[PDB]
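**Student:** Experimental coordinates follow, after the sequence.
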Amino acid sequence: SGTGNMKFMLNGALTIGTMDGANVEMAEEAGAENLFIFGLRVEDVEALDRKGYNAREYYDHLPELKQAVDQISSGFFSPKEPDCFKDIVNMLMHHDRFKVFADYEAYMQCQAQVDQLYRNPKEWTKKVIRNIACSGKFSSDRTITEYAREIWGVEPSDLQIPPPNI
Amino acid sequence: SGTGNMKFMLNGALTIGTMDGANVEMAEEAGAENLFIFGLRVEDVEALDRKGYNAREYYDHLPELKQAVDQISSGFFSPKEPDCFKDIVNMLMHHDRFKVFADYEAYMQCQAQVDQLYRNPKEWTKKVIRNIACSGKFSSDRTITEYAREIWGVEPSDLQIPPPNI
Amino acid sequence: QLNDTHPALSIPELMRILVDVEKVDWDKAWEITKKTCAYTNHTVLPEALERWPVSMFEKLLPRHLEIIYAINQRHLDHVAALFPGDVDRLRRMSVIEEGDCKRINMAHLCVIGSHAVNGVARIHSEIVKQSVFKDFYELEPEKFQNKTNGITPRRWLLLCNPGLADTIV
Ligand SMILES: *Cc1c(COP(=O)(O)O)cnc(C)c1O
Ligand SMILES: *Cc1c(COP(=O)(O)O)cnc(C)c1O
């Protein structure tokens, strides 16, 4: 699930995300076009595991990524200790189970669409209003009413506490 | 290096190995044809890291290997707890830094050459005699004489302890 | 003879006994140290090499830490003399490494405090020279050697295999 997702949606933020957890039901509530969904889908992740993920192929044929990884590796971001991120780079190339490189291109393209929408203030805030208006489902009142009726066998507001005495 | 390598060579065993450590100097001493050298060379390992190792490609297109891995995975060797080797299989397909699949074909072919030589007792033992005769270098006497002259500045047999008194 | 970095503390401890107990002059004690000690390395790639946090040394061995710091400074002054302005060479060659905490590279301490450094096979010894301690090799090639390992012919032949031993005899 995720609940941070829900907090940003209610407070006027647009969402850049993958099609998993809360993002799915958030897309379904507000329409996927009002969200910046990108990258591998659950089934695509599975299909990449069938092919076998070779992160090297991505690093080799994506120049903006190769430059970024080389800087991290060569010590451009760590001049005094240039091998500080060796284990990060080693992981991204050989043991990356979370397919960071495989989703980089899709993520970059998706961030460009974010950049083009922010460039137009009015259409940015219009999409925001569409998000906020469709977030009502993600109230814990709704969740708790659900638990109460379908699990606990209690009805909300069947107990009415009256004003106290001092 | 390795020293177990040396122990088998002196005691009449033939060696199936990669071109690394002690095996290299053992090949050089007895001639590489008298040893069952196989698989990736140091430089080939490096070249596979440049390509990126995708163990899935090996499992997919090597039928004898696919059958073996599937048995390990499905619980053929562990009927009562069929997910016992899940982490072994997961490692060989996604995190195998030691390139087990990449060397399987070369290793199988090499073991067949071992099988064909054992089928001929006389030529097996001839190769053995060639190994034993060329193992003399791997005496710790040689190593220690080397340390003594090139590092310690002592000469062996410069001290001659005479027969004791009871 | 230091079989790996496990007995690496031999360098600052010999320095300690000579200078603090035996009242020998620092420089003399150091030239004595380097000539008595030799180091054998058994590993490939520099990340397998033994490191200790300096905080651990602050508590357990405060005098050895002081000696290590003095050995390192004098060593980097020498490097600074031979290669002026090479700031990254100083960081690579230092016995003390920076990171999430300061650490003491015991292998670097062994190289600096030994007259000889050997690998255990011909190509491994080439890796020890050219890759593991590249910068140290550039400064003192003659220090670096090879001592291909061996096994004893008594235990690993005469004892375990008397039958084969007799047939050869
Ligand atoms: C809401 C909230 C979370 C939950 O975040 P997820 O990544 O969506 O699980 C975590 N921490 C804090 C402080 C929060 O307020
Ligand atoms: C010789 C010996 C070794 C060394 O084996 P390598 O894999 O060559 O390092 C290890 N254990 C025992 C009991 C030995 O006799």
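**Tutor:** That came through, no problem. Residues are numbered from 1 along each chain as shown, chains lettered A, B, ... in the order given. Ligands and ions are numbered 1, 2, ... in the order given.
**Student:** quick one: the strands in the chain?
**Tutor:** I'll assume chain A. A:16-17, A:36-37 (DSSP state E).
**Student:** not quite, I wanted chain C
**Tutor:** Counting by DSSP E, the strands of chain C are C:2-3, C:38-40, C:51-53, C:96-97, C:103-105, C:116-119, C:144-146.
**Student:** Pairing partners for the first one, with directions?
**Tutor:** Just to be clear, that refers to strand C:2-3. strand C:38-40 (parallel) (DSSP bridges).
**Student:** what do you get for the last one?
**Tutor:** Looking at strand C:144-146 with DSSP bridges, its paired strands and their directions are strand C:116-119 (parallel).
**Student:** Which positions within stretch C:64-71 qualify as buried?
**Tutor:** C:64, C:65, C:67, C:68, C:69, C:71 (16 or more other CB atoms under 10 Å in any protein chain shown). C-betas here are computed from N, CA, C, even on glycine.
**Student:** near chain C, which residues of chain A?
**Tutor:** Neighbours of chain C within chain A, by CB under 8 Å from any CB of the partner chain: A:80, A:81, A:82, A:84.
**Student:** Give me the contacts around the lengthiest helix in chain C.
**Tutor:** Assignment by DSSP state H gives helix C:62-82 as the longest helix of chain C. Surrounding helix C:62-82, the residues in contact under the criterion CB atoms under 8 Å, 6 or more residues apart in numbering or on different chains are C:9, C:11-13, C:15-16, C:20, C:26, C:30, C:54, C:57-58, C:86, C:89-90, C:93-96, C:104, C:109, C:112-113, C:139.
**Student:** From the residues you listed, keep the buried residues only.
**Tutor:** C:9, C:11-13, C:15-16, C:30, C:54, C:57, C:89-90, C:93-96, C:104, C:109, C:112-113, C:139.
**Student:** Looking at chain A, what residue ends up closest to ligand 2?
**Tutor:** residue A:94 (25.1 Å; CB to the nearest ligand atom).
**Student:** Now the residue lying closest to residue A:53 once chain neighbours are set aside. Its backbone dihedrals?
**Tutor:** Excluding its sequence neighbours, the residue lying closest to residue A:53 (CB to CB, 6 or more residues apart in numbering or on different chains) is residue A:99, at 6.0 Å. Here is the backbone geometry of residue A:99 (degrees, to the nearest 10): phi 50, psi 50.
**Student:** residue contacts, residue A:99?
**Tutor:** A:40, A:45, A:48, A:53, A:55.
**Student:** quick one: the fourth one from ligand 1, how far?
**Tutor:** Using CB to the nearest ligand atom, to the nearest Å, we find residue A:53 at a distance of 24 Å from ligand 1.
**Student:** try residue C:148
**Tutor:** 56 Å.
**Student:** which residues does the spatially closest residue to that residue that is not a sequence neighbour contact?
**Tutor:** Nearest residue to residue C:148, sequence neighbours excluded (CB to CB, 6+ apart): residue C:121, at 5.4 Å. Contacts for residue C:121 (CB under 8 Å, 6+ apart) come out as B:1, B:21, B:22, B:24, B:25, C:146, C:148, C:149.
**Student:** now residue C:121: how far from ligand 2?
**Tutor:** Taking CB to the nearest ligand atom, one finds residue C:121 at 11 Å from ligand 2.
**Student:** I'd like the distance between that residue and ligand 1.
**Tutor:** In terms of CB to the nearest ligand atom, residue C:121 sits 51 Å off from ligand 1.
**Student:** Now that residue. Its backbone dihedrals?
**Tutor:** When read as degrees, to the nearest 10, the backbone of residue C:121 gives phi -150, psi 150.
**Student:** that older thread, can you pick out the ones from the residues of chain A next to chain C that are in helices?
**Tutor:** Among these, DSSP H puts none in helices.
**Student:** Wait, residue C:18 touches residue C:24, no?
**Tutor:** Yes - here residue C:18 reaches residue C:24: they are 4.4 Å apart, a contact under CB atoms under 8 Å.
**Student:** circling back: could you save the contacts of residue C:121 as TSV and add columns showing neighbour count and distance to ligand 2?
**Tutor:** Shown next, in TSV, are the contacts of residue C:121 (neighbours: other CB atoms under 10 Å in any protein chain shown; distance: CB to the nearest ligand atom, whole Å):
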residue	neighbour count	distance to ligand 2
B:1	23	7
B:21	19	8
B:22	23	7
B:24	22	14
B:25	19	13
C:146	17	18
C:148	19	13
C:149	22	9
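**Student:** In helices only, show me the residues you listed.
**Tutor:** B:22, B:24, B:25.
**Student:** For the first one, list the residues it contacts.
**Tutor:** When the contact criterion is CB under 8 Å, 6+ apart, the partners of residue B:22 are B:1, B:2, B:3, B:5, B:6, B:138, C:121, C:149.
**Student:** Report the buried residues of the longest helix along chain A.
**Tutor:** In chain A, taking DSSP H as the definition, the longest helix is helix A:100-118. Across helix A:100-118, burial judged by 16+ other CB under 10 Å covers A:101, A:102, A:103, A:104, A:105, A:107, A:110.
**Student:** for that helix, packing partners?
**Tutor:** Helix A:100-118 sits against strand A:16-17, strand A:36-37, helix A:56-60, helix A:63-74, helix A:121-133, with contacts defined as 3 or more CB pairs under 8 Å, 6 or more residues apart in numbering or on different chains; DSSP states H and E.
**Student:** any idea which residue sits dead centre in chain C?
**Tutor:** residue C:110 (1.9 Å; CA atoms, centre = their mean).
**Student:** Ligand 2 versus that one, what's the distance?
**Tutor:** Separation of residue C:110 from ligand 2 (CB to the nearest ligand atom): 21 Å.
**Student:** how close does the closest residue to that residue other than its chain neighbours get to ligand 2?
**Tutor:** Excluding the flanking residues, the one nearest residue C:110 by CB to CB, 6+ apart is residue C:39, at 4.1 Å. Counting by CB to the nearest ligand atom, the separation of residue C:39 from ligand 2 is 20 Å.
**Student:** How about residue A:103, nearest residue that isn't a chain neighbour?
**Tutor:** Per CB to CB, 6+ apart, closest to residue A:103 is residue A:39, 4.1 Å.
**Student:** Quick one: residues contacting the one you found.
**Tutor:** A:18, A:19, A:102, A:103, A:106, A:107, A:110.
**Student:** Count the neighbours of residue 134 for me.
**Tutor:** No chain specified, so I'll use chain A. Here the count is done by other CB atoms under 10 Å in any protein chain shown, and residue A:134 has 17 residues near it.
**Student:** That was the other one, I meant chain C.
**Tutor:** Residue C:134: 13 neighbours (other CB under 10 Å).
**Student:** okay but the residue nearest to the centre of chain C is in contact with residue C:117, surely?
**Tutor:** Yes - look at residue C:110 against residue C:117 with CB under 8 Å: they come within range, at 7.4 Å.
**Student:** joint contacts of these two?
**Tutor:** residue C:39.
**Student:** So what's the residue count around the closest residue to ligand 2 within chain C?
**Tutor:** Ligand 2 sits closest to residue C:151 of chain C, with a gap of 6.6 Å, by CB to the nearest ligand atom. Using other CB under 10 Å, residue C:151 is surrounded by 21 other residues.
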